[PDB]
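Participant: The structure file start-v1.cif (mmCIF, N, CA and C atoms and all ligand atoms) is provided below.
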data_run
loop_
_atom_site.label_atom_id
_atom_site.label_comp_id
_atom_site.auth_asym_id
_atom_site.auth_seq_id
_atom_site.Cartn_x
_atom_site.Cartn_y
_atom_site.Cartn_z
N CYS A 1 82.84 51.16 89.22
CA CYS A 1 82.80 52.08 90.40
C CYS A 1 83.12 53.49 89.95
N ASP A 2 82.43 54.48 90.52
CA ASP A 2 82.78 55.89 90.28
C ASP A 2 82.29 56.93 91.34
N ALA A 3 81.55 56.47 92.36
CA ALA A 3 81.30 57.28 93.57
C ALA A 3 82.56 57.29 94.45
N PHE A 4 83.62 56.68 93.92
CA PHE A 4 84.91 56.59 94.59
C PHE A 4 85.85 57.65 94.03
N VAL A 5 85.46 58.23 92.89
CA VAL A 5 86.31 59.19 92.18
C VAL A 5 86.61 60.39 93.06
N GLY A 6 87.88 60.75 93.13
CA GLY A 6 88.31 61.93 93.87
C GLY A 6 89.71 61.78 94.42
N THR A 7 90.12 62.77 95.20
CA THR A 7 91.39 62.73 95.90
C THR A 7 91.06 62.60 97.37
N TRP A 8 91.71 61.63 98.01
CA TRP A 8 91.41 61.22 99.39
C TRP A 8 92.66 61.21 100.28
N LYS A 9 92.54 61.75 101.49
CA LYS A 9 93.68 61.91 102.39
C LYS A 9 93.50 60.97 103.59
N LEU A 10 94.52 60.20 103.94
CA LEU A 10 94.40 59.34 105.11
C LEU A 10 94.22 60.19 106.36
N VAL A 11 93.15 59.93 107.13
CA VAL A 11 92.90 60.62 108.40
C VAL A 11 92.96 59.72 109.66
N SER A 12 92.74 58.41 109.51
CA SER A 12 92.95 57.47 110.63
C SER A 12 93.37 56.08 110.15
N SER A 13 94.11 55.36 110.99
CA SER A 13 94.54 53.99 110.66
C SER A 13 94.54 53.12 111.92
N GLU A 14 93.97 51.92 111.83
CA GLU A 14 93.95 50.99 112.97
C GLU A 14 94.53 49.65 112.53
N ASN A 15 95.49 49.15 113.29
CA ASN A 15 96.08 47.80 113.08
C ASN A 15 96.93 47.62 111.83
N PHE A 16 97.37 48.72 111.23
CA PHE A 16 98.13 48.66 109.97
C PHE A 16 99.49 47.97 110.12
N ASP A 17 100.18 48.25 111.22
CA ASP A 17 101.46 47.59 111.50
C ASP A 17 101.26 46.07 111.60
N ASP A 18 100.25 45.65 112.37
CA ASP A 18 99.90 44.23 112.53
C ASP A 18 99.58 43.62 111.17
N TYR A 19 98.82 44.34 110.35
CA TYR A 19 98.48 43.86 109.01
C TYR A 19 99.74 43.67 108.18
N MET A 20 100.60 44.68 108.13
CA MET A 20 101.87 44.58 107.41
C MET A 20 102.74 43.42 107.91
N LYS A 21 102.84 43.28 109.23
CA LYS A 21 103.56 42.16 109.81
C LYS A 21 103.03 40.81 109.27
N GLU A 22 101.71 40.65 109.32
CA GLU A 22 101.03 39.43 108.86
C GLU A 22 101.26 39.13 107.38
N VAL A 23 101.25 40.18 106.57
CA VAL A 23 101.54 40.07 105.14
C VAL A 23 103.01 39.60 104.91
N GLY A 24 103.90 39.90 105.84
CA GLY A 24 105.30 39.48 105.74
C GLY A 24 106.25 40.63 105.52
N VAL A 25 105.75 41.85 105.71
CA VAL A 25 106.55 43.07 105.50
C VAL A 25 107.67 43.19 106.54
N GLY A 26 108.90 43.40 106.07
CA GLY A 26 110.05 43.62 106.95
C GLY A 26 109.91 44.86 107.81
N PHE A 27 110.59 44.88 108.95
CA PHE A 27 110.45 45.95 109.93
C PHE A 27 110.76 47.36 109.42
N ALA A 28 111.85 47.51 108.67
CA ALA A 28 112.27 48.84 108.19
C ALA A 28 111.20 49.45 107.28
N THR A 29 110.59 48.63 106.44
CA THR A 29 109.49 49.10 105.60
C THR A 29 108.27 49.47 106.45
N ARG A 30 107.87 48.58 107.37
CA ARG A 30 106.76 48.88 108.29
C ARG A 30 106.92 50.22 109.02
N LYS A 31 108.14 50.49 109.50
CA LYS A 31 108.43 51.75 110.18
C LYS A 31 108.11 52.95 109.28
N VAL A 32 108.58 52.92 108.04
CA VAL A 32 108.32 54.04 107.14
C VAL A 32 106.88 54.06 106.61
N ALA A 33 106.37 52.90 106.19
CA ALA A 33 104.99 52.79 105.68
C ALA A 33 103.92 53.17 106.72
N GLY A 34 104.16 52.80 107.98
CA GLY A 34 103.21 53.06 109.06
C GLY A 34 103.12 54.51 109.50
N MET A 35 104.19 55.27 109.27
CA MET A 35 104.21 56.71 109.58
C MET A 35 103.59 57.55 108.47
N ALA A 36 103.62 57.03 107.24
CA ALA A 36 103.15 57.75 106.04
C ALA A 36 101.66 58.01 106.12
N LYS A 37 101.24 59.15 105.59
CA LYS A 37 99.82 59.46 105.50
C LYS A 37 99.49 59.73 104.03
N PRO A 38 99.23 58.66 103.28
CA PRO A 38 99.07 58.75 101.84
C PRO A 38 97.84 59.49 101.37
N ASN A 39 97.95 60.02 100.16
CA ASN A 39 96.79 60.44 99.42
C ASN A 39 96.46 59.33 98.44
N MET A 40 95.18 59.09 98.25
CA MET A 40 94.74 58.13 97.25
C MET A 40 93.93 58.90 96.21
N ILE A 41 94.26 58.70 94.94
CA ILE A 41 93.57 59.39 93.84
C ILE A 41 92.91 58.37 92.92
N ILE A 42 91.58 58.38 92.92
CA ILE A 42 90.81 57.42 92.14
C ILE A 42 90.18 58.14 90.96
N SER A 43 90.37 57.58 89.78
CA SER A 43 89.82 58.11 88.53
C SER A 43 89.32 56.95 87.66
N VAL A 44 88.41 57.26 86.74
CA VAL A 44 87.81 56.23 85.89
C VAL A 44 87.72 56.77 84.48
N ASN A 45 88.12 55.94 83.51
CA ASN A 45 88.01 56.24 82.08
C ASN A 45 87.41 55.02 81.36
N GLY A 46 86.12 55.08 81.05
CA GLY A 46 85.40 53.92 80.52
C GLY A 46 85.37 52.74 81.49
N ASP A 47 85.92 51.61 81.08
CA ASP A 47 85.94 50.45 81.98
C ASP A 47 87.26 50.33 82.77
N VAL A 48 88.20 51.24 82.53
CA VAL A 48 89.45 51.27 83.31
C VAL A 48 89.37 52.19 84.52
N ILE A 49 89.59 51.60 85.69
CA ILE A 49 89.69 52.35 86.93
C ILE A 49 91.17 52.48 87.32
N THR A 50 91.58 53.70 87.70
CA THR A 50 92.94 53.95 88.15
C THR A 50 92.94 54.35 89.63
N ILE A 51 93.71 53.64 90.44
CA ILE A 51 93.93 54.03 91.85
C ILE A 51 95.42 54.31 92.09
N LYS A 52 95.71 55.58 92.39
CA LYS A 52 97.03 56.05 92.74
C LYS A 52 97.11 56.21 94.24
N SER A 53 98.27 55.88 94.79
CA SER A 53 98.57 56.19 96.17
C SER A 53 99.86 56.97 96.16
N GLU A 54 99.86 58.13 96.82
CA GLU A 54 101.04 58.98 96.90
C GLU A 54 101.45 59.22 98.35
N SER A 55 102.69 58.89 98.69
CA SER A 55 103.20 59.20 100.05
C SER A 55 104.71 59.42 100.08
N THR A 56 105.20 59.92 101.22
CA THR A 56 106.64 60.07 101.46
C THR A 56 107.33 58.70 101.48
N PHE A 57 106.56 57.66 101.75
CA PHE A 57 107.11 56.30 101.73
C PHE A 57 107.29 55.82 100.28
N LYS A 58 106.17 55.63 99.57
CA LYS A 58 106.24 55.12 98.20
C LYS A 58 105.02 55.57 97.40
N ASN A 59 105.19 55.91 96.13
CA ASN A 59 104.00 56.05 95.27
C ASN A 59 103.69 54.72 94.61
N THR A 60 102.41 54.40 94.47
CA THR A 60 102.06 53.23 93.67
C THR A 60 100.87 53.58 92.80
N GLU A 61 100.65 52.78 91.77
CA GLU A 61 99.47 52.92 90.92
C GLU A 61 99.02 51.58 90.39
N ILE A 62 97.71 51.35 90.41
CA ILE A 62 97.12 50.25 89.66
C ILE A 62 96.03 50.76 88.74
N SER A 63 95.98 50.21 87.52
CA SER A 63 94.86 50.42 86.61
C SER A 63 94.29 49.05 86.26
N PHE A 64 92.97 48.94 86.28
CA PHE A 64 92.35 47.64 86.15
C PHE A 64 90.95 47.78 85.59
N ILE A 65 90.47 46.66 85.05
CA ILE A 65 89.07 46.48 84.70
C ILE A 65 88.47 45.50 85.72
N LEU A 66 87.27 45.81 86.20
CA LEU A 66 86.57 44.95 87.12
C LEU A 66 86.47 43.51 86.57
N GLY A 67 86.87 42.54 87.39
CA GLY A 67 86.75 41.12 87.07
C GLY A 67 87.87 40.56 86.20
N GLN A 68 88.89 41.37 85.95
CA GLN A 68 90.03 40.96 85.14
C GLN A 68 91.27 40.91 86.02
N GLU A 69 91.81 39.71 86.18
CA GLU A 69 93.00 39.52 86.98
C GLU A 69 94.16 40.24 86.30
N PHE A 70 95.05 40.82 87.12
CA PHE A 70 96.20 41.56 86.62
C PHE A 70 97.38 41.39 87.58
N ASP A 71 98.59 41.64 87.08
CA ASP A 71 99.80 41.56 87.90
C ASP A 71 100.00 42.87 88.61
N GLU A 72 100.22 42.79 89.92
CA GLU A 72 100.44 43.98 90.71
C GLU A 72 101.76 43.88 91.47
N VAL A 73 102.57 44.95 91.44
CA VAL A 73 103.71 45.08 92.35
C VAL A 73 103.24 45.99 93.50
N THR A 74 103.27 45.48 94.73
CA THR A 74 102.79 46.26 95.87
C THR A 74 103.87 47.24 96.35
N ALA A 75 103.48 48.13 97.25
CA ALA A 75 104.43 49.06 97.86
C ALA A 75 105.58 48.34 98.59
N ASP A 76 105.31 47.17 99.17
CA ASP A 76 106.35 46.34 99.79
C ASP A 76 107.05 45.36 98.83
N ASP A 77 106.84 45.54 97.53
CA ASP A 77 107.52 44.75 96.49
C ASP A 77 107.07 43.28 96.38
N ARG A 78 105.84 42.98 96.77
CA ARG A 78 105.28 41.65 96.50
C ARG A 78 104.80 41.66 95.05
N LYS A 79 104.95 40.53 94.37
CA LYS A 79 104.37 40.35 93.04
C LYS A 79 103.15 39.45 93.21
N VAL A 80 101.98 40.05 93.06
CA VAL A 80 100.75 39.40 93.39
C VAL A 80 99.84 39.39 92.17
N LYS A 81 98.91 38.44 92.17
CA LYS A 81 97.83 38.41 91.21
C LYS A 81 96.60 39.03 91.86
N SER A 82 96.13 40.14 91.28
CA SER A 82 95.05 40.93 91.86
C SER A 82 93.79 40.85 91.02
N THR A 83 92.66 40.71 91.70
CA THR A 83 91.36 40.74 91.03
C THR A 83 90.49 41.68 91.83
N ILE A 84 89.90 42.65 91.15
CA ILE A 84 89.06 43.64 91.80
C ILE A 84 87.67 43.58 91.15
N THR A 85 86.65 43.48 91.99
CA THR A 85 85.27 43.49 91.54
C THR A 85 84.46 44.53 92.31
N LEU A 86 83.23 44.79 91.85
CA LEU A 86 82.32 45.70 92.53
C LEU A 86 81.09 44.95 93.03
N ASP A 87 80.88 44.99 94.34
CA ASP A 87 80.01 44.07 95.04
C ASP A 87 79.21 44.89 96.05
N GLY A 88 77.97 45.23 95.70
CA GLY A 88 77.09 46.05 96.52
C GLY A 88 77.68 47.43 96.78
N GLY A 89 78.35 47.98 95.76
CA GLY A 89 79.01 49.28 95.88
C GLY A 89 80.34 49.24 96.62
N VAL A 90 80.79 48.04 96.97
CA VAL A 90 82.09 47.86 97.60
C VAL A 90 83.07 47.31 96.57
N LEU A 91 84.22 47.96 96.48
CA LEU A 91 85.31 47.50 95.63
C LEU A 91 86.08 46.43 96.39
N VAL A 92 86.05 45.20 95.86
CA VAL A 92 86.63 44.07 96.57
C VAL A 92 87.88 43.66 95.80
N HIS A 93 89.02 43.88 96.45
CA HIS A 93 90.34 43.63 95.86
C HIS A 93 91.01 42.48 96.61
N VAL A 94 91.32 41.41 95.88
CA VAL A 94 92.07 40.27 96.41
C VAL A 94 93.42 40.17 95.69
N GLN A 95 94.47 40.06 96.50
CA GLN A 95 95.83 39.82 96.06
C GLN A 95 96.23 38.41 96.46
N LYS A 96 96.75 37.65 95.50
CA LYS A 96 97.10 36.24 95.69
C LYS A 96 98.56 36.04 95.33
N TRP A 97 99.31 35.38 96.21
CA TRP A 97 100.74 35.16 95.97
C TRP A 97 101.23 34.10 96.94
N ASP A 98 102.06 33.19 96.42
CA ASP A 98 102.63 32.11 97.22
C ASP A 98 101.59 31.35 98.02
N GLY A 99 100.46 31.04 97.40
CA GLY A 99 99.39 30.28 98.05
C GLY A 99 98.71 31.04 99.18
N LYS A 100 99.05 32.32 99.33
CA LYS A 100 98.42 33.20 100.33
C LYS A 100 97.51 34.21 99.66
N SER A 101 96.67 34.87 100.44
CA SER A 101 95.88 35.96 99.91
C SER A 101 95.57 37.01 100.95
N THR A 102 95.37 38.22 100.47
CA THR A 102 94.87 39.27 101.31
C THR A 102 93.74 39.97 100.58
N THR A 103 92.80 40.49 101.35
CA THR A 103 91.63 41.13 100.79
C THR A 103 91.54 42.59 101.25
N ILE A 104 91.29 43.48 100.29
CA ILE A 104 91.24 44.92 100.54
C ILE A 104 89.92 45.46 100.00
N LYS A 105 89.06 45.89 100.92
CA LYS A 105 87.73 46.42 100.57
C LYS A 105 87.76 47.92 100.71
N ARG A 106 87.38 48.62 99.65
CA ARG A 106 87.26 50.05 99.69
C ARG A 106 85.77 50.36 99.55
N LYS A 107 85.24 51.05 100.55
CA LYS A 107 83.81 51.40 100.54
C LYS A 107 83.60 52.89 100.81
N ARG A 108 82.50 53.41 100.29
CA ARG A 108 82.05 54.75 100.64
C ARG A 108 81.13 54.65 101.86
N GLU A 109 81.38 55.51 102.85
CA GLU A 109 80.61 55.56 104.09
C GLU A 109 80.52 57.02 104.51
N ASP A 110 79.31 57.57 104.48
CA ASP A 110 79.13 59.01 104.67
C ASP A 110 79.98 59.75 103.63
N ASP A 111 80.93 60.56 104.10
CA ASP A 111 81.79 61.31 103.18
C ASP A 111 83.23 60.78 103.24
N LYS A 112 83.39 59.62 103.87
CA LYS A 112 84.67 58.95 104.02
C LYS A 112 84.83 57.83 102.99
N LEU A 113 86.09 57.53 102.68
CA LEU A 113 86.43 56.35 101.93
C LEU A 113 87.09 55.43 102.96
N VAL A 114 86.47 54.28 103.19
CA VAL A 114 86.93 53.38 104.23
C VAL A 114 87.63 52.19 103.60
N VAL A 115 88.87 51.93 104.03
CA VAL A 115 89.63 50.81 103.51
C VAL A 115 89.83 49.74 104.59
N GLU A 116 89.32 48.55 104.31
CA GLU A 116 89.50 47.43 105.21
C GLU A 116 90.49 46.44 104.62
N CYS A 117 91.58 46.18 105.34
CA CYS A 117 92.61 45.26 104.84
C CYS A 117 92.72 44.06 105.76
N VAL A 118 92.53 42.87 105.18
CA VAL A 118 92.45 41.64 105.97
C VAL A 118 93.59 40.71 105.57
N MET A 119 94.33 40.24 106.57
CA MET A 119 95.33 39.19 106.35
C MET A 119 95.26 38.22 107.52
N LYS A 120 94.91 36.97 107.23
CA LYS A 120 94.73 35.97 108.28
C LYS A 120 93.80 36.52 109.36
N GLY A 121 94.24 36.53 110.61
CA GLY A 121 93.38 36.97 111.71
C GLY A 121 93.41 38.47 111.97
N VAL A 122 94.09 39.20 111.09
CA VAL A 122 94.31 40.63 111.29
C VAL A 122 93.45 41.46 110.37
N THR A 123 92.74 42.44 110.95
CA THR A 123 91.96 43.38 110.17
C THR A 123 92.37 44.81 110.50
N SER A 124 92.76 45.53 109.46
CA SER A 124 93.16 46.92 109.58
C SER A 124 92.15 47.81 108.87
N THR A 125 91.76 48.88 109.56
CA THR A 125 90.81 49.82 109.00
C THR A 125 91.46 51.18 108.80
N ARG A 126 91.34 51.70 107.59
CA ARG A 126 91.95 52.98 107.22
C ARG A 126 90.90 53.89 106.63
N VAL A 127 90.77 55.09 107.21
CA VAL A 127 89.76 56.04 106.76
C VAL A 127 90.40 57.23 106.07
N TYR A 128 89.85 57.57 104.91
CA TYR A 128 90.28 58.70 104.11
C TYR A 128 89.12 59.67 103.97
N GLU A 129 89.41 60.97 103.97
CA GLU A 129 88.42 61.98 103.63
C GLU A 129 88.85 62.80 102.41
N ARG A 130 87.90 63.45 101.74
CA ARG A 130 88.24 64.22 100.53
C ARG A 130 89.26 65.31 100.84
N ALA A 131 90.25 65.46 99.97
CA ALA A 131 91.35 66.40 100.22
C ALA A 131 90.93 67.86 99.98
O1 LIG A 201 102.07 51.32 102.67
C1 LIG A 201 101.53 50.62 101.82
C2 LIG A 201 100.66 51.25 100.75
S1 LIG A 201 99.60 52.55 101.45
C3 LIG A 201 98.11 51.69 101.75
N1 LIG A 201 97.08 52.38 102.30
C4 LIG A 201 95.91 51.77 102.54
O2 LIG A 201 94.90 52.48 103.10
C5 LIG A 201 95.75 50.42 102.23
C6 LIG A 201 96.82 49.74 101.65
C7 LIG A 201 96.72 48.33 101.32
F1 LIG A 201 97.27 48.10 100.14
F2 LIG A 201 97.36 47.63 102.24
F3 LIG A 201 95.52 47.98 101.30
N2 LIG A 201 97.98 50.40 101.43
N3 LIG A 201 101.78 49.22 101.81
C8 LIG A 201 100.58 48.43 101.47
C9 LIG A 201 100.97 46.97 101.23
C10 LIG A 201 101.84 46.38 102.35
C11 LIG A 201 102.86 47.35 102.96
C12 LIG A 201 102.32 48.77 103.11
#
Hey, can you dump this file as structure tokens for me?
Facilitator:
Amino acid sequence: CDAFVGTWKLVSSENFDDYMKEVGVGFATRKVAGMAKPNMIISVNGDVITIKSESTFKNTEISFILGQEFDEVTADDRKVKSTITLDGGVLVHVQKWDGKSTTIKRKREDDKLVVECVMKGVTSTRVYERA
């Protein structure tokens, strides 16, 4: 992926609290995480893709190669096994932990970067625009 490269600012969020609740996130974290308006910085160097998230809540970073499972510590401190692939221009990220999973799709749509986060029956949509 590389039409994803850039700096992106959160401009809208739907159902994020519900998503965090479903994932198992404690209330105090949800309160701070849900108010935050992160920047996401995507860069690519050969086959390594780097996704940074920066906010008043927490900074995080993952670097990965498509199709290679890796250990991820999430912003809420879950230790998950993550696999990210590129599927019709959509970055498909699955996190697996304790026999559970969540799926995070990052897609380009017009000039927006759209993030869809799915946990059980909950779907949260987060839209970012170029900073
Ligand atoms: O606040 C964050 C990180 S910021 C973020 N922004 C998005 O648009 C999407 C996601 C993610 F990881 F849930 F997909 N996190 N935590 C994500 C994992 C669970 C608790 C909240």
Participant: Using Å and a single decimal, report how far CA of residue 67 (chain A) sits from atom C of residue 84 (chain A).
Facilitator: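 Going from atom C of residue 84 (chain A) over to CA of residue 67 (chain A) covers 4.9 Å.
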Participant: Return as number ranges by chain the residues of protein, DNA or RNA that approach ligand LIG 201 (chain A) to within 6 Å, with only C-alpha atoms and all ligand atoms taken into account.
Facilitator: A: 20, 33, 74-76, 104, 115, 117, 126
Participant: Around (91.6, 65.4, 95.3) in the file's own coordinates, what residues are found within 7 Å if you use all atoms listed in the file, given back as an MDAnalysis selection string?
Facilitator: chainID A and resid 6:8 40:41 130:131
Participant: The selected residues should be written to file as a PDB file, in the frame of the given file (atoms: N, CA and C atoms).
Facilitator:
ATOM      1  N   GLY A   6      87.880  60.750  93.130  1.00  0.00           N
ATOM      2  CA  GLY A   6      88.310  61.930  93.870  1.00  0.00           C
ATOM      3  C   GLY A   6      89.710  61.780  94.420  1.00  0.00           C
ATOM      4  N   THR A   7      90.120  62.770  95.200  1.00  0.00           N
ATOM      5  CA  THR A   7      91.390  62.730  95.900  1.00  0.00           C
ATOM      6  C   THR A   7      91.060  62.600  97.370  1.00  0.00           C
ATOM      7  N   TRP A   8      91.710  61.630  98.010  1.00  0.00           N
ATOM      8  CA  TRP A   8      91.410  61.220  99.390  1.00  0.00           C
ATOM      9  C   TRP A   8      92.660  61.210 100.280  1.00  0.00           C
ATOM     10  N   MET A  40      95.180  59.090  98.250  1.00  0.00           N
ATOM     11  CA  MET A  40      94.740  58.130  97.250  1.00  0.00           C
ATOM     12  C   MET A  40      93.930  58.900  96.210  1.00  0.00           C
ATOM     13  N   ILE A  41      94.260  58.700  94.940  1.00  0.00           N
ATOM     14  CA  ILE A  41      93.570  59.390  93.840  1.00  0.00           C
ATOM     15  C   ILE A  41      92.910  58.370  92.920  1.00  0.00           C
ATOM     16  N   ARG A 130      87.900  63.450 101.740  1.00  0.00           N
ATOM     17  CA  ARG A 130      88.240  64.220 100.530  1.00  0.00           C
ATOM     18  C   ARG A 130      89.260  65.310 100.840  1.00  0.00           C
ATOM     19  N   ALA A 131      90.250  65.460  99.970  1.00  0.00           N
ATOM     20  CA  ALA A 131      91.350  66.400 100.220  1.00  0.00           C
ATOM     21  C   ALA A 131      90.930  67.860  99.980  1.00  0.00           C
TER      22      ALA A 131
END
Participant: With distances taken over all atoms listed in the file, which of A:91, A:5, A:119, A:127 is nearest to residue 23 (chain A)?
Facilitator: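 Checking each candidate against residue 23 (chain A), we get A:119 as the closest.
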Participant: With only C-alpha atoms as the atoms that count, which of A:39, A:15, A:45, A:125 lies nearest to residue 61 (chain A)?
Facilitator: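 So, comparing all the options, the nearest one is A:39.
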Participant: Report, in Å to a single decimal, how far apart CA of residue 29 (chain A) and CA of residue 106 (chain A) are.
Facilitator: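 That distance, rounded to one decimal, is 23.0 Å.
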Participant: List the neighbours of residue 97 (chain A) out to 6 Å using only N, CA and C atoms; skip same-chain residues closer than 4 positions along the sequence, and give me the result as a list in words.
Facilitator: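 Neighbouring residues, sequence-local ones excluded: residues 79, 80, 81 and 101 of chain A.
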Participant: Quick one, how far is atom C of residue 92 (chain A) from atom C of residue 56 (chain A)?
Facilitator: 25.2 Å
Participant: List the neighbours of residue 118 (chain A) out to 6 Å using only N, CA and C atoms; skip same-chain residues closer than 5 positions along the sequence, and give me the result as a short mmCIF file (atom, residue, chain, number, x, y, z; two decimals) with N, CA and C atoms, in the coordinates of the input.
Facilitator:
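File produced: out-v6.cif:
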data_model
loop_
_atom_site.label_atom_id
_atom_site.label_comp_id
_atom_site.auth_asym_id
_atom_site.auth_seq_id
_atom_site.Cartn_x
_atom_site.Cartn_y
_atom_site.Cartn_z
N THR A 102 95.37 38.22 100.47
CA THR A 102 94.87 39.27 101.31
C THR A 102 93.74 39.97 100.58
N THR A 103 92.80 40.49 101.35
CA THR A 103 91.63 41.13 100.79
C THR A 103 91.54 42.59 101.25
N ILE A 104 91.29 43.48 100.29
CA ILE A 104 91.24 44.92 100.54
C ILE A 104 89.92 45.46 100.00
N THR A 123 92.74 42.44 110.95
CA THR A 123 91.96 43.38 110.17
C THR A 123 92.37 44.81 110.50
N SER A 124 92.76 45.53 109.46
CA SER A 124 93.16 46.92 109.58
C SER A 124 92.15 47.81 108.87
#
Participant: Apply DSSP to the backbone of this structure and, from chain A, keep only the residues in alpha helix (DSSP H); write these as a ChimeraX atom specification.
Facilitator: /A:16-23,27-35
Participant: Taking only chain A into account, list the residues labelled strand (DSSP E or B) by DSSP (computed from the backbone), as a PyMOL selection string.
Facilitator: chain A and resi 6-14+39-45+48-54+60-65+70-73+79-87+90-97+100-109+112-119+122-130
Participant: For residue 69 (chain A), work out the shell of residues within 12 Å, counting only C-alpha atoms and skipping chain neighbours fewer than 2 positions away, then give it as a PDB file with N, CA and C atoms, in the coordinates of the input.
Facilitator:
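The resulting file, result_2.pdb, is reproduced below:
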ATOM      1  N   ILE A  62      97.710  51.350  90.410  1.00  0.00           N
ATOM      2  CA  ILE A  62      97.120  50.250  89.660  1.00  0.00           C
ATOM      3  C   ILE A  62      96.030  50.760  88.740  1.00  0.00           C
ATOM      4  N   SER A  63      95.980  50.210  87.520  1.00  0.00           N
ATOM      5  CA  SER A  63      94.860  50.420  86.610  1.00  0.00           C
ATOM      6  C   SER A  63      94.290  49.050  86.260  1.00  0.00           C
ATOM      7  N   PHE A  64      92.970  48.940  86.280  1.00  0.00           N
ATOM      8  CA  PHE A  64      92.350  47.640  86.150  1.00  0.00           C
ATOM      9  C   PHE A  64      90.950  47.780  85.590  1.00  0.00           C
ATOM     10  N   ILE A  65      90.470  46.660  85.050  1.00  0.00           N
ATOM     11  CA  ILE A  65      89.070  46.480  84.700  1.00  0.00           C
ATOM     12  C   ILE A  65      88.470  45.500  85.720  1.00  0.00           C
ATOM     13  N   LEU A  66      87.270  45.810  86.200  1.00  0.00           N
ATOM     14  CA  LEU A  66      86.570  44.950  87.120  1.00  0.00           C
ATOM     15  C   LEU A  66      86.470  43.510  86.570  1.00  0.00           C
ATOM     16  N   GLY A  67      86.870  42.540  87.390  1.00  0.00           N
ATOM     17  CA  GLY A  67      86.750  41.120  87.070  1.00  0.00           C
ATOM     18  C   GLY A  67      87.870  40.560  86.200  1.00  0.00           C
ATOM     19  N   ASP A  71      98.590  41.640  87.080  1.00  0.00           N
ATOM     20  CA  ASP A  71      99.800  41.560  87.900  1.00  0.00           C
ATOM     21  C   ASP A  71     100.000  42.870  88.610  1.00  0.00           C
ATOM     22  N   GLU A  72     100.220  42.790  89.920  1.00  0.00           N
ATOM     23  CA  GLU A  72     100.440  43.980  90.710  1.00  0.00           C
ATOM     24  C   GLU A  72     101.760  43.880  91.470  1.00  0.00           C
ATOM     25  N   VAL A  80     101.980  40.050  93.060  1.00  0.00           N
ATOM     26  CA  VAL A  80     100.750  39.400  93.390  1.00  0.00           C
ATOM     27  C   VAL A  80      99.840  39.390  92.170  1.00  0.00           C
ATOM     28  N   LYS A  81      98.910  38.440  92.170  1.00  0.00           N
ATOM     29  CA  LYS A  81      97.830  38.410  91.210  1.00  0.00           C
ATOM     30  C   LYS A  81      96.600  39.030  91.860  1.00  0.00           C
ATOM     31  N   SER A  82      96.130  40.140  91.280  1.00  0.00           N
ATOM     32  CA  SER A  82      95.050  40.930  91.860  1.00  0.00           C
ATOM     33  C   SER A  82      93.790  40.850  91.020  1.00  0.00           C
ATOM     34  N   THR A  83      92.660  40.710  91.700  1.00  0.00           N
ATOM     35  CA  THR A  83      91.360  40.740  91.030  1.00  0.00           C
ATOM     36  C   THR A  83      90.490  41.680  91.830  1.00  0.00           C
ATOM     37  N   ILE A  84      89.900  42.650  91.150  1.00  0.00           N
ATOM     38  CA  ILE A  84      89.060  43.640  91.800  1.00  0.00           C
ATOM     39  C   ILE A  84      87.670  43.580  91.150  1.00  0.00           C
ATOM     40  N   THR A  85      86.650  43.480  91.990  1.00  0.00           N
ATOM     41  CA  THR A  85      85.270  43.490  91.540  1.00  0.00           C
ATOM     42  C   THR A  85      84.460  44.530  92.310  1.00  0.00           C
ATOM     43  N   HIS A  93      89.020  43.880  96.450  1.00  0.00           N
ATOM     44  CA  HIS A  93      90.340  43.630  95.860  1.00  0.00           C
ATOM     45  C   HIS A  93      91.010  42.480  96.610  1.00  0.00           C
ATOM     46  N   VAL A  94      91.320  41.410  95.880  1.00  0.00           N
ATOM     47  CA  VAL A  94      92.070  40.270  96.410  1.00  0.00           C
ATOM     48  C   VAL A  94      93.420  40.170  95.690  1.00  0.00           C
ATOM     49  N   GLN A  95      94.470  40.060  96.500  1.00  0.00           N
ATOM     50  CA  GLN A  95      95.830  39.820  96.060  1.00  0.00           C
ATOM     51  C   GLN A  95      96.230  38.410  96.460  1.00  0.00           C
ATOM     52  N   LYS A  96      96.750  37.650  95.500  1.00  0.00           N
ATOM     53  CA  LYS A  96      97.100  36.240  95.690  1.00  0.00           C
ATOM     54  C   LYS A  96      98.560  36.040  95.330  1.00  0.00           C
TER      55      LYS A  96
END
Participant: Grab all the atoms of region 84-99 of chain A that the file lists, wrap them in a box along x, y and z, add 8 Å per side, and give me centre plus edge lengths in Å (one decimal) as lines of an AutoDock Vina configuration file.
Facilitator:
center_x = 89.9
center_y = 39.8
center_z = 95.2
size_x = 41.5
size_y = 35.0
size_z = 24.0
Participant: So, with only C-alpha atoms as the atoms that count, which of A:2, A:87, A:129, A:17 lies closest to residue 36 (chain A)?
Facilitator: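 Checking each candidate against residue 36 (chain A), we get A:17 as the closest.
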Participant: Determine the nearest neighbour of residue 55 (chain A) from the options A:18, A:10, A:86, A:78, counting only C-alpha atoms.
Facilitator: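 The closest residue to residue 55 (chain A) is A:10.
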Participant: From the list A:57, A:114, A:21, A:128, which residue is nearest residue 35 (chain A) when using all atoms listed in the file?
Facilitator: A:57
Participant: Of the candidates A:1, A:30, A:99, A:9, which one gets nearest to residue 113 (chain A) if we count all atoms listed in the file?
Facilitator: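 Residue with the minimum atom-to-atom distance to residue 113 (chain A): A:9.
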